[PDB]
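Input: a single structure, listed below in structure tokens.
Computation of the quantities below employed the complete heavy-atom set of this structure, encompassing side-chain atoms and omitting hydrogens, waters and symmetry-equivalent molecules. FYI, the numbering just counts along the sequence from 1.
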Amino acid sequence: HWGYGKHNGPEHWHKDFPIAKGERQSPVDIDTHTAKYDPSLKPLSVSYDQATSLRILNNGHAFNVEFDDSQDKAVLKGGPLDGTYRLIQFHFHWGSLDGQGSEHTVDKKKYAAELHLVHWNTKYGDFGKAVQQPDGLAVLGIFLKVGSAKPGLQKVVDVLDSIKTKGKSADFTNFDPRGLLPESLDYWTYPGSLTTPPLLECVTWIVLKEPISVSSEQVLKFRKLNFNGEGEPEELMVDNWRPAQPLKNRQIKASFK
């Protein structure tokens, strides 16, 4: 099945998922000189005070921090969005080395990692219905650079030993995603897709300009995870990023001057 290797990685995905070659694929390179400031864009509203994390999962690609999305508890609104988008999960993409790992790039710069906070449009009732709609999802993307530790990440890092291999999960309650956000909510936005199969073209991307800092030790713990299941040949979970895809007929807009 799909993955990140030589035989199953991104260049192969189109054979099982032909939208991989579609008109609105993600990620993309953000050319900061050509992204236009759009004064009609609103501030983003991130309301995570009542978020209820439940569980962390190793799905064999990344790890997912899952939320209770059965009410309006953790919502994204504003920005480029019409209506209300509910947080369902977050996950990361990262590299084997600090010089790669992000999916989006900024003037071709790759960050060490990228965090995706995934939210679905409440007007479609559930996540599975939302992904079938062009405005079904809003994903908040946040770059990670290596420097000072991010204290709000350490609880995640802590737990990874318990979910080393594919198919392992653990209780992960009371985790506050606010501790993963940068100071500024300035962003770029464009229409795109999920960055893993099924690659559905259902996402309004909101990519924050300001990266977070994490420590080398934090990232090194991500790189000890495994893509394999228990008791299978070890293959370190690294380089689980899709490269930039063609922008095609899209505009990237900036919330800031």
Does any part of the side chain of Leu185, heavy atoms only, come nearer than 4.5 Å to the side chain of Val46, both counted from C-beta? yes
Please confirm whether the ring centroid of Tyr48 lies under 6.0 Å from the ring centroid of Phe67. no
Min side-chain heavy-atom separation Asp135-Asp82 under 4.5 Å: no
Determine whether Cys202 and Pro134 make a side-chain contact, defined as any pair of heavy atoms from C-beta on separated by less than 4.5 Å. no
May I ask you to decide if the ring planes of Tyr4 and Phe227 are parallel, tilted or perpendicular, using 30° and 60° as cut-offs? parallel
Taking the side chain as every heavy atom from C-beta outward, state whether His93 and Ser102 have any pair of such atoms under 4.5 Å apart. no
Verify same cluster id: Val219, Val65 (apolar side-chain graph, 4.5 Å): yes
Does the ring centre of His7 sit less than 6.0 Å away from the ring centre of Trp2? no
Would you say the ring centroid of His104 lies under 6.0 angstrom from that of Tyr190? yes
Criterion side-chain contact (heavy atoms from CB on, under 4.5 Å) against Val131, the qualifying member of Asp126, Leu200, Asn121, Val203: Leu200
Scanning both residues in full, the closest heavy-atom pair of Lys164 with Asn58 reads O-ND2, 3.0 Å
For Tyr187, the ring pair (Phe, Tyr, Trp, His ring centres under 6.0 Å) test, sequence neighbours excluded, returns none
Dump the intermediate steps for salt bridge (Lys or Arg N to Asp or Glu O under 4.0 Å) on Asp98 and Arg223, then the final yes or no. CA-CA 11 Å; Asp98 295 349; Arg223 298 186 186 129; 2.9 Å; yes
Should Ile56 and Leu160 count as side-chain neighbours, where that means a heavy-atom distance under 4.5 Å? yes
To the nearest 0.5 Å, how far apart are CE in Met237 and CG in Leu225? 5.5 Å
Taking atom CG of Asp72 and atom NZ of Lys77, what is their separation to the nearest 0.5 Å? 8.5 Å
Could you tell me whether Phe222 and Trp94 have their ring centroids closer than 6.0 angstrom? yes
Salt bridge present between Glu235 and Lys166 (N-O < 4.0 angstrom): no
Using 30° and 60° as the class boundaries, would you call the ring planes of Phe143 and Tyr111 parallel, tilted or perpendicular? parallel
Would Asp68 and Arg86 pass as an ion pair if we require N to O under 4.0 Å? no
When rounded to the nearest 0.5 angstrom, what distance separates OG in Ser47 from CG in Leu87? 11.5 Å
With hydrophobic residues grouped by side-chain heavy-atom distances under 4.5 Å, do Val139 and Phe90 end up in a single group? no
Tell me whether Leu41 shares a hydrophobic cluster with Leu140, the cluster being built from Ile, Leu, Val, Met, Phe, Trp, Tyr side chains joined at under 4.5 Å. yes
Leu137 versus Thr204: any side-chain heavy-atom pair under 4.5 Å? no
If you measure only the distance, is there a donor-acceptor pair under 3.5 Å linking the side chains of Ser40 and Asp38? yes
Side chains of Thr105 and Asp29: any donor to acceptor distance under 3.5 Å? yes
Should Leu117 and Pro177 count as side-chain neighbours, where that means a heavy-atom distance under 4.5 Å? yes
Inspect the contact between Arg178 and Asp176 and indicate whether a charged nitrogen and a carboxylate oxygen are less than 4.0 angstrom apart. yes
Residues passing the side chain to side chain contact (heavy atoms under 4.5 Å, CB included) test with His14, sequence neighbours excluded, are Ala20, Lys21
Is there side-chain contact between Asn174 and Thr52, with at least one heavy-atom pair below 4.5 Å? no
Identify the two heavy atoms, one from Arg242 and one from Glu103, that lie closest to each other, and give their separation to 0.1 Å. N-OE2, 2.8 Å
Indicate whether any N or O donor in one side chain lies under 3.5 Å from an N or O acceptor in the other, for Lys253 and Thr189. no
Does NZ or CZ of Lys15 lie under 6.0 Å from the centre of the six-membered ring of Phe17, at an angle within 45° of the ring axis? no
I'd like to know if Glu66 pairs up with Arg55 as an ion pair, taking the criterion as any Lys NZ or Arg NE/NH1/NH2 lying under 4.0 Å from an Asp or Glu carboxylate oxygen. yes
